Amino acid sequence: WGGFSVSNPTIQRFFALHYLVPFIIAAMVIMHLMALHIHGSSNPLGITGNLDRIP
Amino acid sequence: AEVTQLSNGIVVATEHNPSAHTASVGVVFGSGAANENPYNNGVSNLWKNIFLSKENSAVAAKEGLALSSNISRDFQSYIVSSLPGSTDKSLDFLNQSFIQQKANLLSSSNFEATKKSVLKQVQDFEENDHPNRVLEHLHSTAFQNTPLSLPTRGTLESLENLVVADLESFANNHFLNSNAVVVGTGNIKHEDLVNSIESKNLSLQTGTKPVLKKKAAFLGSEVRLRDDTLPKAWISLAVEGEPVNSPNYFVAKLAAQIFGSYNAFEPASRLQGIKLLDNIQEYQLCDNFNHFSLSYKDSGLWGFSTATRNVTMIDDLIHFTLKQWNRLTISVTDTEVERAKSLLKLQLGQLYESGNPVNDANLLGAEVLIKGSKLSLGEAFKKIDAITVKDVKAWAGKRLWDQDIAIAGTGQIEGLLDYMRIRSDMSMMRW
Ligand code: HEM
């Protein structure tokens, strides 16, 4: 709170945190795409896709 | 150098050469593999090996004669060769064995032994000869459901259904006097040949051949025969080209000479004036390639074939080749056109002026059957010299820019991308 209840220091620190966390989300999305590049995607049949690929 | 055509009922064409030491005399028919149907495919290839069988070759060899035969898509020929003083014996052998009697050659013991030998040849072709069978598969996908798609040797499935009555039915429809030309090459004079034929009264049969109903038509397609146990990849690619009797016949041959042929293991082949060789030798994208321009009576094919051990960079090889084809519409230079003029004249002069009268008999008979005469090499050189850069740019804007293609391939072809990625490289989105 920065105090005794929800008040003026609470709203000012919540806006500054609200600016920052979408940039942390964008860095996790890059780490998410690196792990996907290693193995590729699955397919709706559940079996291997290495026999027929299109770019 | 002069040809002489004469008709008295039979078309007789000669090409006299008093410096040669042999002579060659035969007959060429105007039907090929494109006059068959999918059920008697291979009947022309069986008639060739009947003519070249052992008992027929032994009768010729006691006289001093040798035999040749060739099967193509539009024609077929049967040729006897001899010394220049015995062309009367060679014309007798063509009369007895091939015109009068054919029940001697078509006996049951001779037919079954010949059919066994042909089936083994077609089986060894389909298993071992990878560049030539990819080019055969390129014809069958580009002209599918059309007479220009049938292979010249036949298939194993269609050859085993053939009997003796199938060969006699083909001979009664195509081996006719109005479909034939009698040829003579080497050391033989023209009036000596027409008086030896007129001292008899040769005539095959009166009447005309059947007329097929479907005309040839190009279709953009592909066929893939993947085989991971083979050590290379073999690929052919083409667009629709020019037929015989086209006004752009020599312009299409000059455009293929610009890109030419290549061998990575010959040191002088690496130094040619071809701008495509800069991209290929940087990462060794292939082992060989060659460009072609084929022509038939109704259609043609223009493109290239290649063989590769670099199987992970196949997409770079197709991409660099097709970006050079774009330059024939946009930015082909004047020094590339002058280089292709001299090399096309050297290549045409070596094809028509070899020292083999059997090669000359096949070229002369096939051209008289379509056109009615033969164009001399002196007049062909003057048409090549008159081609300009603007002729090349106008031809390529019609036949190459944003057009459909046909692809065939075998071996380790996993790195070959699909059709629409290759089709989109036929234009630049720059011009
Ligand atoms: C901002 C958030 C996210 C972005 C931009 C994103 C992006 C992507 C993309 C582009 C793919 C590949 C294409 C596809 O399969 O749709 C993918 C796959 C995948 N994602 Fe996400 N994702 C996000 C959130 C999540 C979440 C919240 C989960 C799970 C709790 C998740 C789990 C997965 C999985 C398991 C795959 C693999 C699917 C497969 O291969 O069949 N992702 N993601």
Side-chain angles (χ1 to χ4, degrees), chain A, chain B residues 134 137-138 141 144 219-239 279-280 282-286 306-326 401-431:
Chain A
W1 283 337
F4 302 116
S5 53
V6 172
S7 62
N8 177 75
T10 319
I11 311 297
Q12 294 213 291
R13 82 188 48 197
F14 276 8
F15 171 67
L17 289 167
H18 196 234
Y19 207 121
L20 164 73
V21 186
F23 285 110
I24 307 177
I25 288 175
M28 293 302 184
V29 164
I30 289 166
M31 294 166 62
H32 196 72
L33 294 167
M34 288 163 56
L36 168 77
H37 197 253
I38 292 309
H39 295 104
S41 293
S42 180
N43 63 83
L45 287 186
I47 62 182
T48 178
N50 287 338
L51 281 81
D52 197 86
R53 303 263 179 176
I54 46 179
Chain B
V134 164
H137 274 99
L138 182 72
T141 192
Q144 52 185 265
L219 181 68
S221 293
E222 56 168 359
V223 51
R224 293 169 196 247
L225 303 99
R226 182 165 160 176
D227 200 336
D228 283 339
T229 67
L230 298 181
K232 296 192 196 72
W234 293 267
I235 293 164
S236 293
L237 194 150
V239 299
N279 293 121
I280 285 175
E282 199 179 316
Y283 279 109
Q284 197 63 77
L285 289 183
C286 75
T306 182
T308 311
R309 274 176 303 119
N310 196 348
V311 291
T312 54
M313 299 180 76
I314 289 180
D315 64 315
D316 276 318
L317 175 64
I318 310 293
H319 176 74
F320 277 133
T321 304
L322 260 52
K323 291 294 114 178
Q324 289 289 138
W325 292 2
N326 289 338
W401 190 269
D402 208 57
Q403 296 290 328
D404 265 350
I405 54 174
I407 319 164
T410 201
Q412 295 187 50
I413 48 166
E414 190 210 273
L416 180 69
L417 295 188
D418 76 296
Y419 188 84
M420 283 313 285
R421 273 287 287 261
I422 309 174
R423 172 63 172 84
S424 74
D425 264 354
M426 298 301 286
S427 291
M428 305 158 58
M429 64 176 274
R430 297 83 198 168
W431 292 22

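In what follows, every chain begins at residue 1, and chains take the letters A, B, ... in the order their sequences are listed. All ligand and atom numbering here is 1-based and tracks the order in the structure.
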message = Can you tell me how the ring of A/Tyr19 sits relative to the ring of A/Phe23, calling it parallel under 30°, perpendicular over 60° and tilted otherwise?
response = parallel
ask   = How about A/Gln12 and A/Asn8: do any of their side-chain heavy atoms sit closer than 4.5 Å?
value = yes
inquiry  = Which residue and atom name correspond to the protein heavy atom nearest atom 43 (N) of ligand 1, and how close is it?
reply    = A/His32 NE2, 3.5 Å
inquiry  = Side chain, backbone, both or neither: which applies to A/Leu36 and ligand 1 if a contact is any heavy-atom pair less than 4.0 Å apart?
reply    = side chain
request  = Taking all non-hydrogen atoms of both residues into account, name the closest pair between B/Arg224 and B/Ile413 and its distance.
outcome  = CB-CD1, 4.1 Å
message = I need the single residue from B/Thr308, B/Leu230, B/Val311 that forms a side chain to side chain contact (heavy atoms under 4.5 Å, CB included) with B/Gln412. Which is it?
response = B/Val311
note = atom 10 (C) of ligand 1: closest protein heavy atom, distance to 0.1 Å, is A/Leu33 CD2, 4.2 Å
key: Contacting atoms of ligand 1, where contact means under 4.0 angstrom from a heavy atom of A/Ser42   = 39 (C), 40 (O), 41 (O)
Heavy-atom check, side chain of B/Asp402 versus side chain of B/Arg423, under 4.5 Å = yes
Any side-chain donor near an acceptor of the partner, B/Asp227 and B/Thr229, under 3.5 Å = yes
key: Sub-4.0 Å protein heavy atom next to atom 20 (N) of ligand 1   = yes
query = Is any heavy atom of the protein nearer than 4.0 Å to atom 33 (C) of ligand 1?
reply = yes
ask   = Protein heavy atoms: any of them under 4.0 Å from atom 12 (C) of ligand 1?
value = yes
task = Please tell me if the side chains of B/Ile407 and B/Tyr419 come closer than 4.5 Å, counting only heavy atoms from C-beta onward.
result = yes
request  = Identify the protein heavy atom lying closest to atom 15 (O) of ligand 1, giving its residue, its atom name and the separation to 0.1 Å.
outcome  = A/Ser41 OG, 4.5 Å
query = What is the nearest protein non-hydrogen atom to atom 1 (C) of ligand 1, stated with its residue, atom name and distance?
reply = A/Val29 CG2, 4.0 Å
